[PDB]
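Below is target-v4.cif, which holds mmCIF, N, CA and C atoms.
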data_entry
loop_
_atom_site.label_atom_id
_atom_site.label_comp_id
_atom_site.auth_asym_id
_atom_site.auth_seq_id
_atom_site.Cartn_x
_atom_site.Cartn_y
_atom_site.Cartn_z
N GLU A 3 78.98 114.99 -68.33
CA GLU A 3 79.39 114.31 -69.55
C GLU A 3 80.09 115.29 -70.49
N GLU A 4 79.65 116.55 -70.47
CA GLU A 4 80.32 117.59 -71.24
C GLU A 4 81.76 117.76 -70.76
N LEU A 5 81.95 117.87 -69.44
CA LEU A 5 83.29 118.01 -68.90
C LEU A 5 84.11 116.74 -69.12
N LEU A 6 83.51 115.58 -68.87
CA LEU A 6 84.21 114.32 -69.12
C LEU A 6 84.65 114.23 -70.57
N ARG A 7 83.75 114.58 -71.50
CA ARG A 7 84.13 114.63 -72.91
C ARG A 7 85.28 115.61 -73.13
N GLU A 8 85.19 116.81 -72.53
CA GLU A 8 86.29 117.76 -72.61
C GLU A 8 87.56 117.18 -72.03
N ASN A 9 87.45 116.48 -70.90
CA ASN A 9 88.62 115.87 -70.28
C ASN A 9 89.34 114.96 -71.25
N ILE A 10 88.59 114.12 -71.97
CA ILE A 10 89.20 113.21 -72.94
C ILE A 10 89.99 114.00 -73.98
N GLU A 11 89.35 115.01 -74.58
CA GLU A 11 90.02 115.80 -75.61
C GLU A 11 91.26 116.49 -75.04
N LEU A 12 91.13 117.11 -73.86
CA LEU A 12 92.26 117.81 -73.26
C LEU A 12 93.43 116.87 -73.05
N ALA A 13 93.17 115.70 -72.44
CA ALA A 13 94.24 114.73 -72.22
C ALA A 13 94.90 114.33 -73.53
N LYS A 14 94.09 114.04 -74.56
CA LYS A 14 94.64 113.67 -75.86
C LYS A 14 95.58 114.74 -76.38
N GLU A 15 95.15 116.01 -76.33
CA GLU A 15 96.02 117.10 -76.76
C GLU A 15 97.36 117.05 -76.03
N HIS A 16 97.32 116.88 -74.71
CA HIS A 16 98.56 116.83 -73.94
C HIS A 16 99.49 115.75 -74.47
N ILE A 17 98.95 114.55 -74.71
CA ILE A 17 99.76 113.47 -75.26
C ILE A 17 100.39 113.91 -76.58
N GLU A 18 99.59 114.54 -77.45
CA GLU A 18 100.13 115.06 -78.70
C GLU A 18 101.29 116.01 -78.44
N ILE A 19 101.09 116.95 -77.51
CA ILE A 19 102.15 117.91 -77.19
C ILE A 19 103.44 117.17 -76.85
N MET A 20 103.36 116.21 -75.93
CA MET A 20 104.56 115.48 -75.52
C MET A 20 105.20 114.79 -76.71
N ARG A 21 104.39 114.26 -77.63
CA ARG A 21 104.94 113.67 -78.85
C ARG A 21 105.75 114.70 -79.61
N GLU A 22 105.13 115.84 -79.95
CA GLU A 22 105.85 116.86 -80.70
C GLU A 22 107.09 117.32 -79.94
N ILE A 23 106.94 117.60 -78.65
CA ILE A 23 108.08 118.03 -77.85
C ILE A 23 109.20 117.01 -77.96
N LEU A 24 108.87 115.72 -77.78
CA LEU A 24 109.88 114.68 -77.91
C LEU A 24 110.56 114.76 -79.27
N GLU A 25 109.78 114.98 -80.34
CA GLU A 25 110.37 115.16 -81.65
C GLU A 25 111.32 116.36 -81.66
N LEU A 26 110.91 117.47 -81.05
CA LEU A 26 111.73 118.67 -81.07
C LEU A 26 113.03 118.47 -80.30
N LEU A 27 112.97 117.81 -79.14
CA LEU A 27 114.18 117.55 -78.38
C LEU A 27 115.17 116.74 -79.21
N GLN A 28 114.68 115.75 -79.95
CA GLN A 28 115.55 114.98 -80.83
C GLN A 28 116.21 115.88 -81.86
N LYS A 29 115.42 116.76 -82.48
CA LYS A 29 116.00 117.72 -83.42
C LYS A 29 117.08 118.55 -82.74
N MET A 30 116.86 118.94 -81.48
CA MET A 30 117.87 119.70 -80.75
C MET A 30 119.17 118.92 -80.66
N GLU A 31 119.09 117.60 -80.44
CA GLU A 31 120.30 116.79 -80.37
C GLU A 31 121.07 116.85 -81.68
N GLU A 32 120.36 116.78 -82.81
CA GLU A 32 121.01 116.86 -84.11
C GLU A 32 121.87 118.12 -84.22
N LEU A 33 121.31 119.26 -83.82
CA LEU A 33 122.06 120.51 -83.92
C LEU A 33 123.18 120.55 -82.90
N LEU A 34 122.93 120.03 -81.69
CA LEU A 34 123.99 119.94 -80.70
C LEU A 34 125.21 119.21 -81.26
N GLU A 35 124.98 118.08 -81.93
CA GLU A 35 126.08 117.37 -82.57
C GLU A 35 126.71 118.21 -83.68
N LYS A 36 125.89 118.85 -84.51
CA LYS A 36 126.37 119.65 -85.63
C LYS A 36 127.36 120.70 -85.14
N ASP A 41 132.11 124.68 -77.45
CA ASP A 41 132.57 124.46 -76.08
C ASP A 41 132.22 123.05 -75.62
N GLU A 42 133.22 122.33 -75.09
CA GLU A 42 132.98 120.97 -74.62
C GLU A 42 132.18 120.98 -73.32
N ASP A 43 132.52 121.88 -72.39
CA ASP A 43 131.79 121.95 -71.13
C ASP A 43 130.32 122.29 -71.37
N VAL A 44 130.07 123.33 -72.18
CA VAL A 44 128.70 123.74 -72.46
C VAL A 44 127.93 122.58 -73.10
N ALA A 45 128.42 122.08 -74.23
CA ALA A 45 127.73 121.00 -74.93
C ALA A 45 127.51 119.80 -74.02
N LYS A 46 128.51 119.46 -73.21
CA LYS A 46 128.36 118.35 -72.27
C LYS A 46 127.18 118.60 -71.33
N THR A 47 127.13 119.79 -70.72
CA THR A 47 126.02 120.12 -69.85
C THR A 47 124.70 120.07 -70.61
N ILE A 48 124.68 120.60 -71.84
CA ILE A 48 123.48 120.51 -72.67
C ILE A 48 123.07 119.05 -72.83
N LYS A 49 123.97 118.24 -73.40
CA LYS A 49 123.67 116.84 -73.67
C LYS A 49 123.03 116.16 -72.46
N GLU A 50 123.60 116.38 -71.27
CA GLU A 50 123.00 115.83 -70.07
C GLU A 50 121.60 116.40 -69.85
N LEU A 51 121.43 117.71 -70.04
CA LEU A 51 120.13 118.33 -69.82
C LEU A 51 119.06 117.69 -70.70
N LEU A 52 119.35 117.52 -71.99
CA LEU A 52 118.38 116.91 -72.89
C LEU A 52 118.17 115.44 -72.55
N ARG A 53 119.24 114.75 -72.14
CA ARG A 53 119.09 113.39 -71.63
C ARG A 53 118.11 113.37 -70.46
N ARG A 54 118.38 114.18 -69.43
CA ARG A 54 117.46 114.27 -68.31
C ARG A 54 116.07 114.71 -68.77
N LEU A 55 116.01 115.71 -69.67
CA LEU A 55 114.72 116.15 -70.18
C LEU A 55 113.99 115.01 -70.87
N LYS A 56 114.67 114.32 -71.79
CA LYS A 56 114.07 113.18 -72.48
C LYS A 56 113.35 112.28 -71.48
N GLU A 57 114.08 111.79 -70.48
CA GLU A 57 113.49 110.92 -69.47
C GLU A 57 112.24 111.54 -68.87
N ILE A 58 112.29 112.84 -68.55
CA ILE A 58 111.14 113.50 -67.96
C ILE A 58 109.93 113.39 -68.88
N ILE A 59 110.12 113.71 -70.17
CA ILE A 59 109.01 113.67 -71.12
C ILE A 59 108.40 112.28 -71.17
N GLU A 60 109.24 111.25 -71.26
CA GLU A 60 108.72 109.89 -71.33
C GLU A 60 107.78 109.61 -70.17
N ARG A 61 108.24 109.89 -68.94
CA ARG A 61 107.41 109.66 -67.76
C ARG A 61 106.10 110.42 -67.86
N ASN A 62 106.18 111.73 -68.12
CA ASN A 62 104.97 112.52 -68.33
C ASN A 62 104.14 111.95 -69.47
N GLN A 63 104.78 111.52 -70.55
CA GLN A 63 104.06 110.85 -71.63
C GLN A 63 103.22 109.70 -71.08
N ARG A 64 103.82 108.85 -70.25
CA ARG A 64 103.07 107.76 -69.64
C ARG A 64 101.89 108.29 -68.84
N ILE A 65 102.13 109.32 -68.02
CA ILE A 65 101.06 109.87 -67.19
C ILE A 65 99.89 110.31 -68.06
N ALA A 66 100.18 111.04 -69.14
CA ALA A 66 99.13 111.53 -70.01
C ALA A 66 98.22 110.40 -70.47
N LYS A 67 98.81 109.32 -70.99
CA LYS A 67 98.03 108.15 -71.35
C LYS A 67 97.24 107.65 -70.15
N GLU A 68 97.92 107.46 -69.01
CA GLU A 68 97.25 106.97 -67.81
C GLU A 68 96.03 107.82 -67.48
N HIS A 69 96.19 109.15 -67.52
CA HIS A 69 95.06 110.02 -67.25
C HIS A 69 93.97 109.82 -68.29
N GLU A 70 94.34 109.85 -69.57
CA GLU A 70 93.36 109.67 -70.63
C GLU A 70 92.49 108.44 -70.36
N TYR A 71 93.13 107.32 -70.02
CA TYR A 71 92.39 106.13 -69.64
C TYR A 71 91.47 106.43 -68.46
N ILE A 72 92.00 107.07 -67.41
CA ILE A 72 91.17 107.44 -66.27
C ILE A 72 89.95 108.22 -66.74
N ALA A 73 90.18 109.26 -67.55
CA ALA A 73 89.08 110.06 -68.06
C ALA A 73 88.09 109.19 -68.83
N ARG A 74 88.60 108.27 -69.65
CA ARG A 74 87.72 107.35 -70.37
C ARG A 74 86.91 106.51 -69.40
N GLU A 75 87.58 105.92 -68.40
CA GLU A 75 86.86 105.11 -67.42
C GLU A 75 85.88 105.96 -66.63
N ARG A 76 86.30 107.17 -66.23
CA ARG A 76 85.44 108.00 -65.39
C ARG A 76 84.11 108.29 -66.07
N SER A 77 84.08 108.33 -67.40
CA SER A 77 82.83 108.52 -68.13
C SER A 77 81.95 107.28 -67.98
N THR B 78 84.86 101.61 -57.17
CA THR B 78 85.73 102.65 -56.64
C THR B 78 85.76 103.87 -57.56
N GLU B 79 84.59 104.46 -57.78
CA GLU B 79 84.52 105.68 -58.58
C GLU B 79 85.39 106.78 -57.99
N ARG B 80 85.26 107.02 -56.68
CA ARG B 80 86.12 107.98 -56.02
C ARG B 80 87.59 107.64 -56.21
N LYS B 81 87.90 106.36 -56.41
CA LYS B 81 89.28 105.97 -56.68
C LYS B 81 89.81 106.64 -57.94
N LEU B 82 88.98 106.71 -58.99
CA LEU B 82 89.41 107.35 -60.23
C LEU B 82 89.71 108.83 -60.02
N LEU B 83 88.81 109.54 -59.34
CA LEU B 83 89.03 110.95 -59.07
C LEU B 83 90.32 111.16 -58.28
N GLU B 84 90.52 110.38 -57.22
CA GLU B 84 91.76 110.48 -56.45
C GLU B 84 92.97 110.16 -57.31
N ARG B 85 92.89 109.09 -58.11
CA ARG B 85 94.01 108.71 -58.96
C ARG B 85 94.39 109.85 -59.91
N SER B 86 93.41 110.37 -60.65
CA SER B 86 93.68 111.47 -61.57
C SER B 86 94.30 112.66 -60.84
N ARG B 87 93.73 113.04 -59.70
CA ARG B 87 94.22 114.21 -58.97
C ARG B 87 95.69 114.05 -58.60
N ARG B 88 96.08 112.86 -58.13
CA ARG B 88 97.48 112.63 -57.78
C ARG B 88 98.37 112.81 -59.00
N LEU B 89 97.99 112.20 -60.13
CA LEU B 89 98.81 112.29 -61.33
C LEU B 89 99.02 113.73 -61.76
N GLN B 90 97.96 114.54 -61.75
CA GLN B 90 98.09 115.93 -62.19
C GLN B 90 99.06 116.69 -61.30
N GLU B 91 99.04 116.42 -59.99
CA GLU B 91 100.03 117.01 -59.11
C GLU B 91 101.44 116.65 -59.57
N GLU B 92 101.68 115.36 -59.83
CA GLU B 92 102.99 114.94 -60.31
C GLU B 92 103.32 115.62 -61.63
N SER B 93 102.40 115.54 -62.60
CA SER B 93 102.65 116.13 -63.91
C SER B 93 102.96 117.62 -63.78
N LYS B 94 102.26 118.32 -62.89
CA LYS B 94 102.59 119.72 -62.63
C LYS B 94 104.04 119.86 -62.21
N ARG B 95 104.50 119.00 -61.29
CA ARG B 95 105.90 119.01 -60.91
C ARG B 95 106.81 118.87 -62.12
N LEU B 96 106.45 117.96 -63.04
CA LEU B 96 107.31 117.70 -64.19
C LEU B 96 107.42 118.92 -65.09
N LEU B 97 106.29 119.56 -65.40
CA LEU B 97 106.33 120.68 -66.33
C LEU B 97 107.15 121.83 -65.78
N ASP B 98 107.08 122.06 -64.46
CA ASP B 98 107.94 123.06 -63.84
C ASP B 98 109.41 122.70 -64.03
N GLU B 99 109.77 121.45 -63.70
CA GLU B 99 111.14 121.01 -63.87
C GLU B 99 111.58 121.12 -65.32
N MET B 100 110.71 120.72 -66.25
CA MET B 100 111.05 120.83 -67.67
C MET B 100 111.25 122.29 -68.07
N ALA B 101 110.27 123.14 -67.77
CA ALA B 101 110.36 124.55 -68.14
C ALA B 101 111.66 125.16 -67.65
N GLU B 102 112.02 124.90 -66.39
CA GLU B 102 113.26 125.45 -65.86
C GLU B 102 114.47 124.92 -66.62
N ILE B 103 114.45 123.64 -66.98
CA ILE B 103 115.55 123.08 -67.76
C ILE B 103 115.68 123.83 -69.08
N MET B 104 114.57 123.97 -69.81
CA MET B 104 114.59 124.72 -71.06
C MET B 104 115.16 126.12 -70.84
N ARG B 105 114.68 126.81 -69.80
CA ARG B 105 115.24 128.11 -69.45
C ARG B 105 116.75 127.99 -69.27
N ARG B 106 117.19 126.99 -68.50
CA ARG B 106 118.62 126.77 -68.30
C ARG B 106 119.33 126.64 -69.64
N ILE B 107 118.73 125.92 -70.59
CA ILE B 107 119.38 125.71 -71.88
C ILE B 107 119.59 127.04 -72.60
N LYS B 108 118.54 127.86 -72.66
CA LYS B 108 118.64 129.15 -73.35
C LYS B 108 119.82 129.95 -72.82
N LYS B 109 119.96 130.02 -71.49
CA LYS B 109 121.09 130.73 -70.90
C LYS B 109 122.41 130.09 -71.31
N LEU B 110 122.51 128.76 -71.19
CA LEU B 110 123.74 128.07 -71.55
C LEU B 110 124.06 128.26 -73.03
N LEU B 111 123.03 128.23 -73.89
CA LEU B 111 123.26 128.45 -75.31
C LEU B 111 123.88 129.82 -75.56
N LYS B 112 123.30 130.87 -74.96
CA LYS B 112 123.85 132.21 -75.14
C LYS B 112 125.30 132.27 -74.66
N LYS B 113 125.60 131.62 -73.53
CA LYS B 113 126.98 131.51 -73.08
C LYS B 113 127.85 130.78 -74.10
N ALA B 114 127.24 130.06 -75.04
CA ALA B 114 127.98 129.30 -76.04
C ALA B 114 128.15 130.16 -77.29
N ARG B 115 129.06 131.12 -77.20
CA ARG B 115 129.45 131.88 -78.38
C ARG B 115 130.24 131.03 -79.36
N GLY B 116 130.81 129.91 -78.91
CA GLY B 116 131.71 129.15 -79.75
C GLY B 116 131.03 128.49 -80.94
N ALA B 117 129.76 128.13 -80.79
CA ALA B 117 129.06 127.41 -81.84
C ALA B 117 128.68 128.35 -82.99
N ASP B 118 128.27 127.75 -84.11
CA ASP B 118 127.82 128.54 -85.25
C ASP B 118 126.62 129.39 -84.87
N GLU B 119 126.69 130.68 -85.20
CA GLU B 119 125.64 131.61 -84.79
C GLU B 119 124.29 131.22 -85.39
N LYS B 120 124.27 130.83 -86.67
CA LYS B 120 123.02 130.45 -87.31
C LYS B 120 122.39 129.26 -86.59
N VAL B 121 123.17 128.20 -86.35
CA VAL B 121 122.64 127.03 -85.67
C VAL B 121 122.15 127.39 -84.27
N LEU B 122 122.93 128.21 -83.55
CA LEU B 122 122.50 128.65 -82.23
C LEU B 122 121.13 129.31 -82.30
N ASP B 123 120.91 130.16 -83.30
CA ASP B 123 119.61 130.80 -83.46
C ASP B 123 118.52 129.77 -83.70
N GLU B 124 118.78 128.79 -84.57
CA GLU B 124 117.79 127.75 -84.84
C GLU B 124 117.31 127.11 -83.54
N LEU B 125 118.25 126.70 -82.69
CA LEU B 125 117.88 126.21 -81.36
C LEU B 125 117.10 127.26 -80.59
N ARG B 126 117.45 128.54 -80.77
CA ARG B 126 116.67 129.61 -80.14
C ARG B 126 115.21 129.53 -80.56
N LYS B 127 114.96 129.51 -81.88
CA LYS B 127 113.59 129.37 -82.36
C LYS B 127 112.96 128.07 -81.86
N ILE B 128 113.71 126.97 -81.91
CA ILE B 128 113.18 125.68 -81.47
C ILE B 128 112.77 125.76 -80.01
N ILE B 129 113.66 126.27 -79.15
CA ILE B 129 113.39 126.25 -77.71
C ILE B 129 112.15 127.07 -77.39
N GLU B 130 112.03 128.26 -77.99
CA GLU B 130 110.86 129.09 -77.72
C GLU B 130 109.58 128.43 -78.23
N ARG B 131 109.68 127.62 -79.28
CA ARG B 131 108.56 126.78 -79.68
C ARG B 131 108.20 125.82 -78.55
N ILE B 132 109.20 125.12 -78.01
CA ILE B 132 108.95 124.20 -76.91
C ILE B 132 108.38 124.95 -75.71
N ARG B 133 109.05 126.02 -75.30
CA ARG B 133 108.60 126.81 -74.16
C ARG B 133 107.13 127.18 -74.29
N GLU B 134 106.72 127.64 -75.48
CA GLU B 134 105.32 127.92 -75.73
C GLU B 134 104.45 126.70 -75.44
N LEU B 135 104.86 125.53 -75.95
CA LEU B 135 104.06 124.33 -75.74
C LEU B 135 103.94 124.01 -74.25
N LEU B 136 105.00 124.25 -73.48
CA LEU B 136 104.93 124.01 -72.04
C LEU B 136 103.99 125.00 -71.37
N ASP B 137 104.01 126.26 -71.81
CA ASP B 137 103.01 127.22 -71.35
C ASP B 137 101.61 126.71 -71.63
N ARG B 138 101.36 126.29 -72.88
CA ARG B 138 100.05 125.76 -73.23
C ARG B 138 99.71 124.54 -72.39
N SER B 139 100.68 123.65 -72.19
CA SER B 139 100.44 122.50 -71.33
C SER B 139 100.03 122.94 -69.93
N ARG B 140 100.73 123.94 -69.38
CA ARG B 140 100.34 124.47 -68.08
C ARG B 140 98.88 124.92 -68.10
N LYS B 141 98.45 125.52 -69.20
CA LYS B 141 97.04 125.90 -69.33
C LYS B 141 96.15 124.67 -69.31
N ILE B 142 96.58 123.58 -69.94
CA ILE B 142 95.82 122.33 -69.88
C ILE B 142 95.61 121.93 -68.42
N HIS B 143 96.71 121.81 -67.67
CA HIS B 143 96.61 121.41 -66.27
C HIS B 143 95.69 122.35 -65.50
N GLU B 144 95.93 123.66 -65.60
CA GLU B 144 95.05 124.63 -64.96
C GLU B 144 93.60 124.32 -65.27
N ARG B 145 93.28 124.14 -66.55
CA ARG B 145 91.92 123.77 -66.93
C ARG B 145 91.53 122.44 -66.31
N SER B 146 92.35 121.41 -66.51
CA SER B 146 92.02 120.08 -65.99
C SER B 146 91.79 120.13 -64.49
N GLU B 147 92.58 120.92 -63.76
CA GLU B 147 92.37 121.03 -62.32
C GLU B 147 91.01 121.62 -62.00
N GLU B 148 90.57 122.61 -62.79
CA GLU B 148 89.23 123.16 -62.60
C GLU B 148 88.17 122.07 -62.74
N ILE B 149 88.22 121.32 -63.84
CA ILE B 149 87.25 120.26 -64.06
C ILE B 149 87.27 119.27 -62.91
N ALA B 150 88.47 118.82 -62.52
CA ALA B 150 88.58 117.83 -61.45
C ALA B 150 88.08 118.38 -60.13
N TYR B 151 88.36 119.65 -59.85
CA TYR B 151 87.93 120.28 -58.60
C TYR B 151 86.41 120.26 -58.47
#

Would you mind giving the structure from this file in structure tokens?
Amino acid sequence: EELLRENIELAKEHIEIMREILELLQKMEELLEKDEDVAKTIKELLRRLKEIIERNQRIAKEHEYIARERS
Amino acid sequence: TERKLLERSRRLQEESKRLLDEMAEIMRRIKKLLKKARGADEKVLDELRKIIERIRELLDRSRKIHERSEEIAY
């Protein structure tokens, strides 16, 4: 129960991280807008990155639920 | 299906591990590409420098989460 309780907290933290990271990536886009080839490659990278975070964001929630159920 | 939950969680963490590696490498890629971008404003480029290393740190910490979570699950 101690570990399961820890699992819940750990998962929650991860979700928070992904939230902040998602916020930071958005801030990065603002500055990117503020070389065409370089910026183009960047824009795609953050686009691809964004998608990655969302999926991982879903996983974090999914795990948190698992941890909740596992208790 | 209690064992189902353990198996389910274990699979997800494997996937999530894959994601953080892919993300970290992307961020690394960005830092290199940014430095190659002398054309942009130096101050703004630095800001992204500070921002990215903030993110990179969080991904390191996230990796520590997984490492820990894997211990608990194991």

What are the closest atom pairs, with distances in Å to one decimal, for each residue of chain B lying within 7 Å of chain A, using all atoms listed in the file, rows by chain and rising residue number, as CSV?
residue,atom,partner,partner_atom,distance
B:82,CA,A:72,CA,6.3
B:86,CA,A:69,CA,6.0
B:89,CA,A:65,CA,6.7
B:93,CA,A:62,CA,6.2
B:96,CA,A:58,CA,6.8
B:100,CA,A:55,CA,6.5
B:103,CA,A:51,CA,6.9
B:107,CA,A:48,CA,6.7
B:110,C,A:44,CA,6.5
B:114,CA,A:41,N,6.4
B:115,C,A:41,N,6.9
B:116,CA,A:41,N,5.0
B:117,N,A:41,N,5.3
B:121,CA,A:33,CA,6.8
B:125,CA,A:30,CA,6.5
B:132,CA,A:23,CA,6.3
B:135,CA,A:19,CA,6.9
B:139,CA,A:16,CA,6.5
B:142,CA,A:12,CA,6.7
B:146,CA,A:9,CA,6.9
B:149,CA,A:5,CA,6.6

Written file, previous selection with N, CA and C atoms, as a PDB file, in the coordinates of the input:
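After the write, again_37.pdb holds the following:
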ATOM      1  N   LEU B  82      88.980 106.710 -58.990  1.00  0.00           N
ATOM      2  CA  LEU B  82      89.410 107.350 -60.230  1.00  0.00           C
ATOM      3  C   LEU B  82      89.710 108.830 -60.020  1.00  0.00           C
ATOM      4  N   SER B  86      93.410 110.370 -60.650  1.00  0.00           N
ATOM      5  CA  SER B  86      93.680 111.470 -61.570  1.00  0.00           C
ATOM      6  C   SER B  86      94.300 112.660 -60.840  1.00  0.00           C
ATOM      7  N   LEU B  89      97.990 112.200 -60.130  1.00  0.00           N
ATOM      8  CA  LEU B  89      98.810 112.290 -61.330  1.00  0.00           C
ATOM      9  C   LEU B  89      99.020 113.730 -61.760  1.00  0.00           C
ATOM     10  N   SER B  93     102.400 115.540 -62.600  1.00  0.00           N
ATOM     11  CA  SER B  93     102.650 116.130 -63.910  1.00  0.00           C
ATOM     12  C   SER B  93     102.960 117.620 -63.780  1.00  0.00           C
ATOM     13  N   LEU B  96     106.450 117.960 -63.040  1.00  0.00           N
ATOM     14  CA  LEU B  96     107.310 117.700 -64.190  1.00  0.00           C
ATOM     15  C   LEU B  96     107.420 118.920 -65.090  1.00  0.00           C
ATOM     16  N   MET B 100     110.710 120.720 -66.250  1.00  0.00           N
ATOM     17  CA  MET B 100     111.050 120.830 -67.670  1.00  0.00           C
ATOM     18  C   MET B 100     111.250 122.290 -68.070  1.00  0.00           C
ATOM     19  N   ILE B 103     114.450 123.640 -66.980  1.00  0.00           N
ATOM     20  CA  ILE B 103     115.550 123.080 -67.760  1.00  0.00           C
ATOM     21  C   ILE B 103     115.680 123.830 -69.080  1.00  0.00           C
ATOM     22  N   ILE B 107     118.730 125.920 -70.590  1.00  0.00           N
ATOM     23  CA  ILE B 107     119.380 125.710 -71.880  1.00  0.00           C
ATOM     24  C   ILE B 107     119.590 127.040 -72.600  1.00  0.00           C
ATOM     25  N   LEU B 110     122.510 128.760 -71.190  1.00  0.00           N
ATOM     26  CA  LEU B 110     123.740 128.070 -71.550  1.00  0.00           C
ATOM     27  C   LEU B 110     124.060 128.260 -73.030  1.00  0.00           C
ATOM     28  N   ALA B 114     127.240 130.060 -75.040  1.00  0.00           N
ATOM     29  CA  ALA B 114     127.980 129.300 -76.040  1.00  0.00           C
ATOM     30  C   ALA B 114     128.150 130.160 -77.290  1.00  0.00           C
ATOM     31  N   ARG B 115     129.060 131.120 -77.200  1.00  0.00           N
ATOM     32  CA  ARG B 115     129.450 131.880 -78.380  1.00  0.00           C
ATOM     33  C   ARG B 115     130.240 131.030 -79.360  1.00  0.00           C
ATOM     34  N   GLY B 116     130.810 129.910 -78.910  1.00  0.00           N
ATOM     35  CA  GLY B 116     131.710 129.150 -79.750  1.00  0.00           C
ATOM     36  C   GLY B 116     131.030 128.490 -80.940  1.00  0.00           C
ATOM     37  N   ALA B 117     129.760 128.130 -80.790  1.00  0.00           N
ATOM     38  CA  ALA B 117     129.060 127.410 -81.840  1.00  0.00           C
ATOM     39  C   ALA B 117     128.680 128.350 -82.990  1.00  0.00           C
ATOM     40  N   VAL B 121     123.170 128.200 -86.350  1.00  0.00           N
ATOM     41  CA  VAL B 121     122.640 127.030 -85.670  1.00  0.00           C
ATOM     42  C   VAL B 121     122.150 127.390 -84.270  1.00  0.00           C
ATOM     43  N   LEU B 125     118.250 126.700 -82.690  1.00  0.00           N
ATOM     44  CA  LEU B 125     117.880 126.210 -81.360  1.00  0.00           C
ATOM     45  C   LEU B 125     117.100 127.260 -80.590  1.00  0.00           C
ATOM     46  N   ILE B 132     109.200 125.120 -78.010  1.00  0.00           N
ATOM     47  CA  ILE B 132     108.950 124.200 -76.910  1.00  0.00           C
ATOM     48  C   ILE B 132     108.380 124.950 -75.710  1.00  0.00           C
ATOM     49  N   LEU B 135     104.860 125.530 -75.950  1.00  0.00           N
ATOM     50  CA  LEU B 135     104.060 124.330 -75.740  1.00  0.00           C
ATOM     51  C   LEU B 135     103.940 124.010 -74.250  1.00  0.00           C
ATOM     52  N   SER B 139     100.680 123.650 -72.190  1.00  0.00           N
ATOM     53  CA  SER B 139     100.440 122.500 -71.330  1.00  0.00           C
ATOM     54  C   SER B 139     100.030 122.940 -69.930  1.00  0.00           C
ATOM     55  N   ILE B 142      96.580 123.580 -69.940  1.00  0.00           N
ATOM     56  CA  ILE B 142      95.820 122.330 -69.880  1.00  0.00           C
ATOM     57  C   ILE B 142      95.610 121.930 -68.420  1.00  0.00           C
ATOM     58  N   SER B 146      92.350 121.410 -66.510  1.00  0.00           N
ATOM     59  CA  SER B 146      92.020 120.080 -65.990  1.00  0.00           C
ATOM     60  C   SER B 146      91.790 120.130 -64.490  1.00  0.00           C
ATOM     61  N   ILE B 149      88.220 121.320 -63.840  1.00  0.00           N
ATOM     62  CA  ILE B 149      87.250 120.260 -64.060  1.00  0.00           C
ATOM     63  C   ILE B 149      87.270 119.270 -62.910  1.00  0.00           C
TER      64      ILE B 149
END

Quick one: axis-aligned box around all listed atoms of stretch 80-90 of chain B, 8 Å on every side, centre and edge lengths in Å to one decimal, written as lines of an AutoDock Vina configuration file.
center_x = 92.2
center_y = 111.3
center_z = -59.1
size_x = 29.8
size_y = 26.7
size_z = 22.2

* Asked: Looking at only C-alpha atoms, which of B:79, B:92, B:124, B:99 is the one that sits closest to residue A:32?
  -> B:124

Write out as an mmCIF file with N, CA and C atoms, keeping the file's coordinate frame which residues come within 8 Å of residue B:126 when counting only N, CA and C atoms, dropping same-chain ones fewer than 6 positions away.
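Writing done, so here's around.cif:
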data_model
loop_
_atom_site.group_PDB
_atom_site.id
_atom_site.type_symbol
_atom_site.label_atom_id
_atom_site.label_comp_id
_atom_site.auth_asym_id
_atom_site.auth_seq_id
_atom_site.Cartn_x
_atom_site.Cartn_y
_atom_site.Cartn_z
ATOM 1 N N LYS B 108 118.540 127.860 -72.660
ATOM 2 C CA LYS B 108 118.640 129.150 -73.350
ATOM 3 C C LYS B 108 119.820 129.950 -72.820
ATOM 4 N N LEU B 111 123.030 128.230 -73.890
ATOM 5 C CA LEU B 111 123.260 128.450 -75.310
ATOM 6 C C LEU B 111 123.880 129.820 -75.560
ATOM 7 N N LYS B 120 124.270 130.830 -86.670
ATOM 8 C CA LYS B 120 123.020 130.450 -87.310
ATOM 9 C C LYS B 120 122.390 129.260 -86.590
ATOM 10 N N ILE B 132 109.200 125.120 -78.010
ATOM 11 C CA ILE B 132 108.950 124.200 -76.910
ATOM 12 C C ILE B 132 108.380 124.950 -75.710
#
